[PDB]
Structure formats: structure tokens, C-alpha cells
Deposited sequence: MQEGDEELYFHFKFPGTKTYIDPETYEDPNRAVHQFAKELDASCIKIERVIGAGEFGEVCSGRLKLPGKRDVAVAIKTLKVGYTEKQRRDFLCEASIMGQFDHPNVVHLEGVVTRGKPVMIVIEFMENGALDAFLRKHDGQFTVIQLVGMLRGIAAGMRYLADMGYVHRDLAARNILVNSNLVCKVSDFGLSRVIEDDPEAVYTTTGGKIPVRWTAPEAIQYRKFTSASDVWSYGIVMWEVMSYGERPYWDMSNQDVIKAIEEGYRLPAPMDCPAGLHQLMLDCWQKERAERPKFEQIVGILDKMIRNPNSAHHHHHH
């Protein structure tokens, strides 16, 4: 079960409990692949004993960090280290003292899902896109069952590997992805994650359009309050859009659970015609 590392009196102690310390000499930084909240994100490789090198992403904590930043940065590792599922990004380990501070994660060659789909706009069949959504739902089902509420589920936080497997990422600690009760009353639960999941479905079926396009945050909020919901994207079957609508139920208890979502998508894969009903 998920342990919130901020329940520890010393959060540094949780890092060492859940994340393997790595020798910096075994980490090769090859290229800068992104900017993070805390420092550059790089691709490279990690040398493991007896094994061929594994390709990794390396999140750096930029030099000159405070203790608070180090703590906040490493919290991601102390959370990610607790998980083991095919659709959740795997933690290789961390470098926390004595050498440049880093979190080392499995390399996802194709990067963030929203950018990936924008690049490959119109190149995936409904069944392929549904397969991606099913992977994300299976990752979320696992997390919800572990007692973990994500809060920032969005296509930009889903990573895609060279085999097109989609995995949940971003375990550190927005409006248009967030359930109304979470925006207004800070009630974040797995049911508000299901609302976010609905938005992710729409992002996927639209090949990475911005939810609600150019509407302002305030206009999104008001629209949702009046019963507005985003339409089926081009080529999106009606049944799949109905599942989005179900994720966006005003009353959180009426939204499907992730287990139900997985089942529904599996049925659309086995019987693709049923995606229209």
C-alpha cells in the first residue's frame, strides 16, 4: 500500500527506504531532452551489474538547490519507488548525496503523449488509440488500488516508449483537467482522477488538442457548471465519447471506477463495432 513520504518526520529517510542509491559513475548523461521544475531532464544510460546497459531518463536537481528543493524533488522518487506496474514509469534509482543529485527513470523514447499524438496526428486507428487509453487506465487502476491519488493526470504526464506503451508519470507534488469538486473544495480523490482521465481520453482521441481550446479557466469553470461537456473529436465513436461523459459526471460517485473503465475499453477492443453503441 502507498505510504505518503510526508508522514515521515524526516522525508529524506523515505527516499532511502524506497529508492535505490546509484553510483554516479554508472550513469552516462547523453543529451538534454527537456526542462523540469527543478533542472534539466536528460537521456542516457545506466550500468547494472551483469546486465546490458539500460536506457534511462535522468532528472537533475540543478546545482544551488536549497534543502527544501532537494526534499521536494526527491519526494517523487520516494513515491515512484513504491510502485511496480507495466503502465507506471519505473524508477531505477537516485543519487542523493556526494554527487550531482538525480532521479533515474526508465527511458520513454517517444516522450509525452500529447506531443507524440500531435506529431502523429491521424496516424493511429481507433483500436490503437483505445489500446493506449486502456494502458493508462490499467496504470491508474493499479495506483488507485494502492491508495494513490495522482492529482495531475493529463496527457502531458503520460509517457510513451518505443513499443508505444503508455505509462503514468509525474509523481511530484491544471484547471481544465481537474474535477469541479477538486477545483472548488480541494477534494482530490481517485474519483477526481477519473474526471482527469476523461480529459486524457479526449486529448488522445483529438491527437493532442488543448481541452476547451482557447477558453479561459474561468469560462471553462462556468461552462462545466452549466452542463457543457467537450464533444466527440473527429472519428471518435459515440460509445467512447459516452465513456468520457461518464467520467465527467457532476456527482463524483456516479463516475466509473478505473476497474470499470478497463473493462469497458477491453470490450471495445474485443468488439470494435461496440465502440459506436
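Next on the checklist: Where does the structure fail to cover the deposited sequence at the C-alpha level?
Outcome noted: According to the record, the gaps fall at 1-18, 192-210, 315-318.
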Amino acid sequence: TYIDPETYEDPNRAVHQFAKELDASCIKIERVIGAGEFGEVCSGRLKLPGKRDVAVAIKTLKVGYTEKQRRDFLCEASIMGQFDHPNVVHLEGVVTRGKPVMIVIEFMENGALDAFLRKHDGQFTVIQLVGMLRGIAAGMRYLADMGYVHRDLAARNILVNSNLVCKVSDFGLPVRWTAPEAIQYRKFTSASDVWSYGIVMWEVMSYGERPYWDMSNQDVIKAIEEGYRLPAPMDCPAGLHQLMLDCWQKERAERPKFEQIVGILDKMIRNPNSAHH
From here on, numbers count along this sequence of modelled residues.
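Next on the checklist: Please compare 209-217 with 35-43 and name the stretch with the higher mean C-alpha B-factor in the deposited structure.
Outcome noted: Between 209-217 and 35-43, it is 35-43.
Next on the checklist: Going by the mean C-alpha B-factor recorded in the entry, which is higher: 105-113 or 197-205?
Outcome noted: Looking at the recorded C-alpha B-factors, 105-113 comes out higher on average.
Checklist entry - Which one of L91, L164, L129, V95 shows the biggest C-alpha B-factor in the PDB entry? => result Checking the PDB record, the top C-alpha B-factor among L91, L164, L129, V95 is at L164.
Checklist entry - Taking the values straight from the PDB record, which of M244, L48, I224, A57 has the highest C-alpha temperature factor? => result Comparing C-alpha B-factors across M244, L48, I224, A57, the top value belongs to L48.
Item to check | Where the record places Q82 (Cα B-factor, split into thirds across the chain) | outcome: It falls in the top third of the chain.
Checklist entry - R71: which third of its chain by C-alpha temperature factor? => result Within its chain, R71 is a highest-third residue by C-alpha B-factor, going by the deposited values.
Item to check | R13 by Cα B-factor - lowest, middle or highest third of the modelled chain | outcome: Within its chain, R13 is a highest-third residue by C-alpha B-factor, going by the deposited values.
Next on the checklist: Quick check for you: using the entry's CA B-factors within this chain, is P233 in the lowest, middle or highest third?
Outcome noted: For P233, whose C-alpha B-factor we compare with every modelled residue in the chain, the answer is the lowest third.
Item to check | Position of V262 among the chain's modelled residues by C-alpha B-factor, lowest, middle or highest third | outcome: For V262, the deposited C-alpha B-factor lands in the middle third.
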